[PDB]
Every structure is written in C-alpha cells, then in structure tokens.
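What the coordinates show
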Amino acid sequence: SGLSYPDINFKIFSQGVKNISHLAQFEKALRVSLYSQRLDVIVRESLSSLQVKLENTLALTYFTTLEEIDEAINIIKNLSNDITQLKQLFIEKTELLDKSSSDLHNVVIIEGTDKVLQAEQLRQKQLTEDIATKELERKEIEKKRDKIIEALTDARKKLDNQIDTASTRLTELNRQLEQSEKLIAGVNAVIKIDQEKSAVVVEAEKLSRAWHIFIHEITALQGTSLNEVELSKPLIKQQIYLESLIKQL
C-alpha cells in the first residue's frame, strides 16, 4: 500500500524491436532478433490476453456479487477462486515474460567486436598509405608514357605492362578498402543493435516489475472478501494502465 506503477515508455521498446528486426543486414546478430521477437510476441499477446481477462473478470466480479445482492456460501468459493486464478494468470505471465527477458539478456555480441575494429583501423591506415604510393608510381609511369607517346613503339607498348600491373594493384587495394569499410559499418551496426536491444531488455524488466506491483496489490486483498466496491478499483486501475500500455505500440 502506497506504491506507484513505474513509468514505461514503450515507444523505445516498439521502435527498438522494429530497428533490430529491420537491422538484420550488413551472422549472430540474426539470433538476437529471433529471441527479441519471441519476447516481442510474448508481451504482444500477453498484455492483450491480460486485458480481455481483466475486463471479463470485471464483468464476472459484479456478476458473482450480483448473486450476493440477490439476497436483498458458494459465491465466496468461486469468487476468491476466480480472483486468485486472475492472480495466477499474472504469476505465469510474469514468469513467462521475465523468462524471455532474462533469456534474451544472456546472449551478447560485444567483447568480440572491438577487436575487429582495432585490426581494421591499422589495416585501413596501411591501405590509405600504400594506395597513395602506388598511385604515385602509376602517375610517374603515366608521365613517362604521355611524354613519349606525344611525339620506340615497342617501349611505348611495354610500359603498358607496368601500367596494367599498377592499375590491377590499385583495383586490388580499393576493393580491400571497401571490404574494411563494410566491416567497420557492420561492427558499428552491431553496436547500435546492442544499444537498442539493451533498451528493450530494460523496458521488459520495467513491465515485469509493473505486473509484479499489480499482483502485489491483488495479494493485498487476501481472502477477507468483505467489499466489492474496493475490489473493482485496482482491477480497473490496472485496466486503464495496461490499456494505455496497449495503446502505446
């Protein structure tokens, strides 16, 4: 008594699972989308199944207690059993959602990615350093061919061997530069995947704790079952809260 439901911003969650499922481009980053998808569906239906179950039980709570109004001891049996079954649904859905969340949190990607960045940086500086020198060589023999052509012919056609070798080296290194840049971009993509997946996991923990808070509130009633008017209020409070959460997607 006296607690408040945590602030849940499902925009980051929704757009994060969207990003991750749509960022499966650039090997192992595939699997992080699969588990996050399972979690994604787990929540997606659970909060909806909890909604329709919450409202239904509402339509039943005033039903059973309408049978309590009819006299104006089985109603207590099925009443407490029904509210405890709702609590049990909250139990199992918290267990399932949190199992998915803590299972998703185990798998990670970094600690084996910055290594590749370190290697790629040195190869990249070596590449951009050597391409300039090979281009200098190409330019030297280019002046040598231009000055002689602009006017023996055996030499004019023999220098083309060195021209073609230098050109093949240039194309041989440019594709390597593109490969290194692609690797760098993919590593940065996997880093951002980590970041947004972490936001998703934090949101999952927040929602699990919110469900824990409401189930704590449900347990606060126990089996006294003295008043219905009060019982209706926390149920509809989670109804609004969870419905607003369902709205945010």
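Residues numbered from 1 in each chain as written, not as in the entry; some residues may be left out. Heavy atoms only, no water.

In its metadata, the entry names X-ray crystallography as the structure determination method and reports 4.00 Å as the resolution.

**Here we look at the overall build of the chain**
The number of helices and strands found in the chain is 6 helices and 0 strands. Mapped from its N terminus to its C terminus, the chain presents α and β elements in the order α-α-α-α-α-α. For the chain, the C-alpha atoms occupy an extent of roughly 120 × 30 × 25 Å along the three principal directions. The buried share of the chain, taken over its 249 residues, is 33%. Counting only carbon and sulfur atoms, one obtains 53% of the accessible surface of the chain, whose full area is about 16,300 Å². Between the mean site of the 34 positive side-chain charges and the mean site of the 39 negative ones, the chain shows a separation of 9 Å. (Helix = DSSP H or I, 4+ residues; strand = E, 2+ residues; numbered from the N terminus. Buried < 20%, exposed > 50% of the residue type's maximum accessible area, 1.4 Å probe, protein only. Areas by Shrake-Rupley, 256 points an atom, 1.4 Å probe, with all protein chains shown as cover. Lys, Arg positive; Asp, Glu negative; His and termini not counted. Charge placed at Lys NZ, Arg CZ, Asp CG, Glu CD.)

**Some remarks on unusual backbone geometry**
With phi around 60°, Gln222 is a residue other than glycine that occupies positive phi space. Relative to the assigned elements, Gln222 resides in the loop between α5 (153–219) and α6 (228–247). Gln222 sits in the exposed class, given a relative accessible area of 63%. A positive phi angle, close to 60°, is found at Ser225, a residue other than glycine.

**Some details on the packing of helix α1 (residues 10–22) against helix α2 (residues 31–69)**
Direction vectors running N to C along α1 and α2 enclose 140°, while the axes themselves pass 10 Å from each other. One element, α1, and the other, α2, form an angle in the oblique class. Crossing geometry of α1 relative to α2 is assigned as left-handed. Residue-level contacts link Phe10, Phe13, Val17, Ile20 and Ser21 of α1 to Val32, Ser33, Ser36, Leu39, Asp40 and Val43 of α2. Across the contact of α1 with α2, the residue classes tally to 7 nonpolar, 3 polar and 1 charged. (Axes fitted to C-alpha atoms, helices over the stretch in contact; angles between N-to-C directions. Parallel < 35°, antiparallel > 145°, perpendicular 65-115°, else oblique. Left-handed = near helix turned anticlockwise from the far one by under 90°. Contact = heavy atoms within 4.5 Å. Nonpolar A, V, L, I, M, F, W, Y, C, P; charged D, E, K, R; others polar.)

**A look at the UniProt feature "coiled-coil region" (unreviewed entry) in the chain**
When the UniProt feature table is mapped onto this chain numbering, "coiled-coil region" (unreviewed entry) sits at residues 117–151 and 156–190. Between the first and last C-alpha atoms of residues 117–151 the distance is 51 Å; the span itself is 94% helix and 0% strand. For the annotated span residues 156–190, helix accounts for 100% and strand for 0% of the residues, and the straight-line distance between the end C-alpha atoms is 51 Å. (UniProt positions renumbered as here; feature names shortened; annotations may be inferred.)

**Re the nonpolar core**
A general feature of soluble globular proteins is that nonpolar side chains tend to end up buried together. Counting 32 residues, the largest nonpolar core has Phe90 and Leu235 as its most contacted members. At the level of elements, α1, α2, α3 (74–106), α5 and α6 are the ones that each hand at least two residues to this core. The biggest single contributor to this core is α5, with 10 residues. The residues touching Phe90, leaving out its near neighbours within four places in the chain, are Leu50, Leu54, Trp211, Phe214, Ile215 and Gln238. Grouped together as the second largest cluster of nonpolar side chains are 6 residues, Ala29, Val32, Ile109 and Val190 included. (Core = buried A, V, L, I, M, F, W, Y, C linked by side-chain atoms within 4.5 Å.)

**Observations regarding a negative patch on the surface**
Side chains of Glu67, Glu68, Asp70 and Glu71 sit close together on the surface and give a patch of like negative charge. Inspection of the secondary structure puts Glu71 in the loop between α2 and α3. On the basis of relative accessible area, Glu71 is assigned to the exposed category, the value being 56%. (Patch = residues over 30% accessible without salt bridge, like charges linked within 9 Å, V, L, I, M, F, W, Y side chains within 5 Å. Salt bridge = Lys/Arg side-chain N within 4 Å of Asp/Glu carboxyl O.)

**Some details on the domain arrangement of the chain**
The domains assigned to the chain are domain 1 (10–110 + 201–247) and domain 2 (114–185). Centre-to-centre separation of domain 1 and domain 2, based on C-alpha positions: 62 Å. (Domains from an automatic or database assignment.)

**Focus on the pattern of salt bridges**
One pass over the structure, following the stated rule, counts 5 salt bridges. Two residues, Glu120 and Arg123, come together in a salt bridge whose shortest N-O distance is 3.6 Å. Residue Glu120 and its partner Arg123 are both found in helix α4 (residues 114–149); the two are separated by 3 residues, about one turn of the helix. Judged by its relative accessible area of 8%, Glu120 is buried. Across the salt bridge formed by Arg169 and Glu137, the nearest N and O atoms sit 3.9 Å from each other. Judged by its relative accessible area of 38%, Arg169 is partly exposed.

**Regarding α3**
If you check α3, its first and last C-alpha atoms are 47 Å apart, about what 33 residues at 1.5 Å a residue would give, namely 48 Å. Every buried residue belonging to α3 is among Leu79, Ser80, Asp82, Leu86, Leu89, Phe90, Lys93, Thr94, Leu97, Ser100, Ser101 and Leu104, and all of these are buried. (Expected span 1.5 Å × (residues − 1).)

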